[PDB]
file final35.pdb (PDB, C-alpha atoms (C1' of nucleotides))
ATOM      1  CA  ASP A   2      93.075  30.998 -67.782
ATOM      2  CA  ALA A   3      91.221  27.830 -66.747
ATOM      3  CA  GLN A   4      91.677  27.877 -62.958
ATOM      4  CA  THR A   5      90.159  31.304 -62.352
ATOM      5  CA  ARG A   6      87.370  29.859 -64.490
ATOM      6  CA  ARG A   7      87.405  26.610 -62.558
ATOM      7  CA  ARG A   8      86.928  28.736 -59.412
ATOM      8  CA  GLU A   9      83.473  29.556 -60.725
ATOM      9  CA  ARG A  10      83.105  25.784 -60.862
ATOM     10  CA  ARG A  11      84.316  25.789 -57.251
ATOM     11  CA  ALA A  12      81.326  27.919 -56.162
ATOM     12  CA  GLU A  13      80.010  24.528 -55.025
ATOM     13  CA  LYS A  14      83.236  23.924 -53.081
ATOM     14  CA  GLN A  15      83.209  27.561 -51.964
ATOM     15  CA  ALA A  16      79.519  27.620 -51.031
ATOM     16  CA  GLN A  17      80.019  24.252 -49.310
ATOM     17  CA  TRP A  18      83.107  25.567 -47.547
ATOM     18  CA  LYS A  19      81.622  29.012 -46.947
ATOM     19  CA  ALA A  20      78.579  27.263 -45.548
ATOM     20  CA  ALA A  21      80.879  25.734 -42.912
ATOM     21  CA  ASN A  22      83.468  28.518 -42.743
ATOM     22  CA  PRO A  23      81.688  31.779 -41.966
ATOM     23  CA  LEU A  24      84.435  32.274 -39.377
ATOM     24  CA  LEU A  25      86.751  32.772 -42.354
ATOM     25  CA  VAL A  26      84.035  34.764 -44.055
ATOM     26  CA  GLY A  27      83.243  38.434 -43.292
ATOM     27  CA  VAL A  28      83.964  38.782 -39.536
ATOM     28  CA  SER A  29      80.732  38.951 -37.495
ATOM     29  CA  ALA A  30      78.837  37.019 -40.192
ATOM     30  CA  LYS A  31      77.799  33.726 -38.566
ATOM     31  CA  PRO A  32      74.151  32.602 -38.591
ATOM     32  CA  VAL A  33      72.552  30.907 -35.555
ATOM     33  CA  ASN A  34      69.472  28.830 -34.636
ATOM     34  CA  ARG A  35      67.731  30.334 -31.576
ATOM     35  CA  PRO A  36      64.875  32.697 -32.467
TER      36      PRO A  36
ATOM     37  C1'   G B   1      96.558  27.465 -72.978
ATOM     38  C1'   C B   2      93.498  23.104 -69.829
ATOM     39  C1'   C B   3      92.664  21.708 -65.684
ATOM     40  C1'   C B   4      93.111  19.709 -60.363
ATOM     41  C1'   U B   5      93.618  20.576 -55.373
ATOM     42  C1'   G B   6      92.184  25.440 -51.883
ATOM     43  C1'   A B   7      87.126  27.896 -49.382
ATOM     44  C1'   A B   8      90.047  31.273 -51.177
ATOM     45  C1'   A B   9      89.439  37.094 -52.936
ATOM     46  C1'   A B  10      96.644  32.438 -50.713
ATOM     47  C1'   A B  11      99.402  28.601 -51.986
ATOM     48  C1'   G B  12     100.335  25.474 -54.885
ATOM     49  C1'   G B  13     100.658  20.740 -58.516
ATOM     50  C1'   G B  14     100.230  18.004 -63.172
ATOM     51  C1'   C B  15      99.970  18.100 -68.759
TER      52        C B  15
END

call {"tool": "encode", "arguments": {"input": "final35.pdb", "output": "C-alpha cells"}}
result
Amino acid sequence: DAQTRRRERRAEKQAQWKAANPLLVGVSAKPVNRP
RNA sequence: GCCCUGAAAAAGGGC
C-alpha cells in the first residue's frame, strides 16, 4: 500500500514522537541527564 | 492503488 510505506516516511514523526514518548516505548526505556 | 493524520507495531479519513 502507500500508508505502510508512508510510515517509513513517518520515521521522522515516529523518531520525533518516540524521542518524547519513551513512556510509550519499551517499558523501562527512558534516558536521563544526571551522570 | 496514492496518500494524510497517528508515535504507532491502533484507529481512522480523503481521492

call {"tool": "closest_atom_pairs", "arguments": {"input": "final35.pdb", "of": "chain B", "to": "chain A", "cutoff": "7 Å", "atoms": "only C-alpha atoms (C1' of nucleotides)", "output": "Markdown table"}}
result
| residue | atom | partner | partner_atom | distance |
| --- | --- | --- | --- | --- |
| B:2 | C1' | A:3 | CA | 6.1 |
| B:3 | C1' | A:3 | CA | 6.4 |
| B:7 | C1' | A:15 | CA | 4.7 |

call {"tool": "atom_distance", "arguments": {"input": "final35.pdb", "atom1": "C1' of residue 6 in chain B", "atom2": "CA of residue 24 in chain A"}}
result
16.2 Å

call {"tool": "atom_distance", "arguments": {"input": "final35.pdb", "atom1": "CA of residue 28 in chain A", "atom2": "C1' of residue 8 in chain B"}}
result
15.1 Å

call {"tool": "atom_distance", "arguments": {"input": "final35.pdb", "atom1": "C1' of residue 9 in chain B", "atom2": "CA of residue 5 in chain A"}}
result
11.1 Å

call {"tool": "decode", "arguments": {"input": "final35.pdb", "residues": "chain B", "atoms": "N, CA, C and O atoms (P, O5', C5', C4', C3', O3' and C1' of nucleotides)", "output": "PDB file, in the first residue's frame"}}
result
ATOM      1  P     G B   1      -2.596  -3.472  -6.819  1.00  0.00           P
ATOM      2  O5'   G B   1      -1.601  -2.359  -6.263  1.00  0.00           O
ATOM      3  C5'   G B   1      -2.035  -1.408  -5.272  1.00  0.00           C
ATOM      4  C4'   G B   1      -2.192  -0.041  -5.894  1.00  0.00           C
ATOM      5  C3'   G B   1      -1.656   1.104  -5.051  1.00  0.00           C
ATOM      6  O3'   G B   1      -0.271   1.312  -5.305  1.00  0.00           O
ATOM      7  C1'   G B   1      -3.824   1.633  -5.858  1.00  0.00           C
ATOM      8  P     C B   2       0.548   2.380  -4.426  1.00  0.00           P
ATOM      9  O5'   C B   2      -0.318   3.713  -4.538  1.00  0.00           O
ATOM     10  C5'   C B   2       0.025   4.741  -5.486  1.00  0.00           C
ATOM     11  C4'   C B   2      -0.273   6.104  -4.906  1.00  0.00           C
ATOM     12  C3'   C B   2       0.329   6.353  -3.533  1.00  0.00           C
ATOM     13  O3'   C B   2       1.662   6.847  -3.660  1.00  0.00           O
ATOM     14  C1'   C B   2      -1.943   7.074  -3.588  1.00  0.00           C
ATOM     15  P     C B   3       2.541   7.127  -2.344  1.00  0.00           P
ATOM     16  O5'   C B   3       1.471   7.531  -1.235  1.00  0.00           O
ATOM     17  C5'   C B   3       1.753   8.563  -0.269  1.00  0.00           C
ATOM     18  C4'   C B   3       0.621   9.556  -0.227  1.00  0.00           C
ATOM     19  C3'   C B   3       0.370  10.173   1.137  1.00  0.00           C
ATOM     20  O3'   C B   3       1.159  11.349   1.328  1.00  0.00           O
ATOM     21  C1'   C B   3      -1.673   9.382   0.209  1.00  0.00           C
ATOM     22  P     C B   4       1.915  11.582   2.731  1.00  0.00           P
ATOM     23  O5'   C B   4       1.041  12.689   3.472  1.00  0.00           O
ATOM     24  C5'   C B   4      -0.170  13.182   2.877  1.00  0.00           C
ATOM     25  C4'   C B   4      -1.203  13.478   3.934  1.00  0.00           C
ATOM     26  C3'   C B   4      -0.745  13.263   5.363  1.00  0.00           C
ATOM     27  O3'   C B   4      -0.142  14.449   5.875  1.00  0.00           O
ATOM     28  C1'   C B   4      -2.851  12.215   5.016  1.00  0.00           C
ATOM     29  P     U B   5       0.717  14.386   7.233  1.00  0.00           P
ATOM     30  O5'   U B   5      -0.349  13.956   8.336  1.00  0.00           O
ATOM     31  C5'   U B   5      -1.381  14.874   8.728  1.00  0.00           C
ATOM     32  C4'   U B   5      -2.345  14.229   9.699  1.00  0.00           C
ATOM     33  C3'   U B   5      -1.720  13.597  10.929  1.00  0.00           C
ATOM     34  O3'   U B   5      -1.454  14.603  11.910  1.00  0.00           O
ATOM     35  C1'   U B   5      -3.467  12.227  10.069  1.00  0.00           C
ATOM     36  P     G B   6      -1.556  14.252  13.478  1.00  0.00           P
ATOM     37  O5'   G B   6      -1.520  12.661  13.534  1.00  0.00           O
ATOM     38  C5'   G B   6      -2.516  11.923  14.272  1.00  0.00           C
ATOM     39  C4'   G B   6      -1.876  10.748  14.973  1.00  0.00           C
ATOM     40  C3'   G B   6      -0.361  10.719  14.890  1.00  0.00           C
ATOM     41  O3'   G B   6       0.207  11.517  15.924  1.00  0.00           O
ATOM     42  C1'   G B   6      -1.260   8.549  14.484  1.00  0.00           C
ATOM     43  P     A B   7       1.785  11.818  15.923  1.00  0.00           P
ATOM     44  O5'   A B   7       2.423  10.527  15.243  1.00  0.00           O
ATOM     45  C5'   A B   7       3.847  10.413  15.067  1.00  0.00           C
ATOM     46  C4'   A B   7       4.340   9.103  15.627  1.00  0.00           C
ATOM     47  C3'   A B   7       3.559   7.879  15.189  1.00  0.00           C
ATOM     48  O3'   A B   7       4.029   7.420  13.925  1.00  0.00           O
ATOM     49  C1'   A B   7       4.039   7.775  17.516  1.00  0.00           C
ATOM     50  P     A B   8       2.977   6.927  12.816  1.00  0.00           P
ATOM     51  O5'   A B   8       2.854   5.362  13.085  1.00  0.00           O
ATOM     52  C5'   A B   8       3.975   4.612  13.582  1.00  0.00           C
ATOM     53  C4'   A B   8       3.509   3.582  14.581  1.00  0.00           C
ATOM     54  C3'   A B   8       2.279   2.809  14.142  1.00  0.00           C
ATOM     55  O3'   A B   8       2.624   1.667  13.353  1.00  0.00           O
ATOM     56  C1'   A B   8       2.006   3.565  16.378  1.00  0.00           C
ATOM     57  P     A B   9       4.111   1.058  13.427  1.00  0.00           P
ATOM     58  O5'   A B   9       4.005  -0.309  12.619  1.00  0.00           O
ATOM     59  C5'   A B   9       2.787  -1.074  12.624  1.00  0.00           C
ATOM     60  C4'   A B   9       2.773  -2.019  13.799  1.00  0.00           C
ATOM     61  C3'   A B   9       1.819  -1.620  14.908  1.00  0.00           C
ATOM     62  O3'   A B   9       0.507  -2.099  14.644  1.00  0.00           O
ATOM     63  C1'   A B   9       3.925  -2.211  15.827  1.00  0.00           C
ATOM     64  P     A B  10      -0.488  -1.231  13.728  1.00  0.00           P
ATOM     65  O5'   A B  10      -1.936  -1.638  14.249  1.00  0.00           O
ATOM     66  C5'   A B  10      -3.036  -0.724  14.133  1.00  0.00           C
ATOM     67  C4'   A B  10      -3.792  -0.641  15.435  1.00  0.00           C
ATOM     68  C3'   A B  10      -5.245  -0.238  15.273  1.00  0.00           C
ATOM     69  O3'   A B  10      -6.066  -1.386  15.074  1.00  0.00           O
ATOM     70  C1'   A B  10      -4.216   1.103  16.946  1.00  0.00           C
ATOM     71  P     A B  11      -7.417  -1.257  14.213  1.00  0.00           P
ATOM     72  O5'   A B  11      -7.879   0.250  14.446  1.00  0.00           O
ATOM     73  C5'   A B  11      -8.739   0.597  15.548  1.00  0.00           C
ATOM     74  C4'   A B  11      -8.874   2.099  15.650  1.00  0.00           C
ATOM     75  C3'   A B  11      -9.667   2.741  14.525  1.00  0.00           C
ATOM     76  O3'   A B  11     -11.061   2.731  14.854  1.00  0.00           O
ATOM     77  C1'   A B  11      -7.635   3.934  14.883  1.00  0.00           C
ATOM     78  P     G B  12     -12.065   3.803  14.190  1.00  0.00           P
ATOM     79  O5'   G B  12     -12.335   3.245  12.718  1.00  0.00           O
ATOM     80  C5'   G B  12     -11.502   3.613  11.591  1.00  0.00           C
ATOM     81  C4'   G B  12     -11.057   5.051  11.704  1.00  0.00           C
ATOM     82  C3'   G B  12     -11.176   5.874  10.436  1.00  0.00           C
ATOM     83  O3'   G B  12     -12.467   6.468  10.335  1.00  0.00           O
ATOM     84  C1'   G B  12      -9.025   6.171  11.403  1.00  0.00           C
ATOM     85  P     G B  13     -13.312   6.309   8.976  1.00  0.00           P
ATOM     86  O5'   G B  13     -12.873   7.565   8.097  1.00  0.00           O
ATOM     87  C5'   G B  13     -13.096   8.908   8.565  1.00  0.00           C
ATOM     88  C4'   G B  13     -12.288   9.885   7.752  1.00  0.00           C
ATOM     89  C3'   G B  13     -12.392   9.700   6.252  1.00  0.00           C
ATOM     90  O3'   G B  13     -13.497  10.439   5.736  1.00  0.00           O
ATOM     91  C1'   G B  13     -10.113   9.939   6.896  1.00  0.00           C
ATOM     92  P     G B  14     -14.203   9.971   4.372  1.00  0.00           P
ATOM     93  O5'   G B  14     -13.398  10.744   3.235  1.00  0.00           O
ATOM     94  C5'   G B  14     -13.225  12.173   3.292  1.00  0.00           C
ATOM     95  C4'   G B  14     -12.092  12.595   2.384  1.00  0.00           C
ATOM     96  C3'   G B  14     -12.188  12.070   0.966  1.00  0.00           C
ATOM     97  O3'   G B  14     -13.004  12.922   0.169  1.00  0.00           O
ATOM     98  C1'   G B  14      -9.985  11.762   1.796  1.00  0.00           C
ATOM     99  P     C B  15     -13.878  12.293  -1.023  1.00  0.00           P
ATOM    100  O5'   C B  15     -12.802  11.988  -2.155  1.00  0.00           O
ATOM    101  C5'   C B  15     -11.895  13.012  -2.598  1.00  0.00           C
ATOM    102  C4'   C B  15     -10.883  12.433  -3.556  1.00  0.00           C
ATOM    103  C3'   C B  15     -11.459  11.416  -4.519  1.00  0.00           C
ATOM    104  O3'   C B  15     -12.037  12.062  -5.661  1.00  0.00           O
ATOM    105  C1'   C B  15      -9.373  10.661  -3.654  1.00  0.00           C
TER     106        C B  15
END
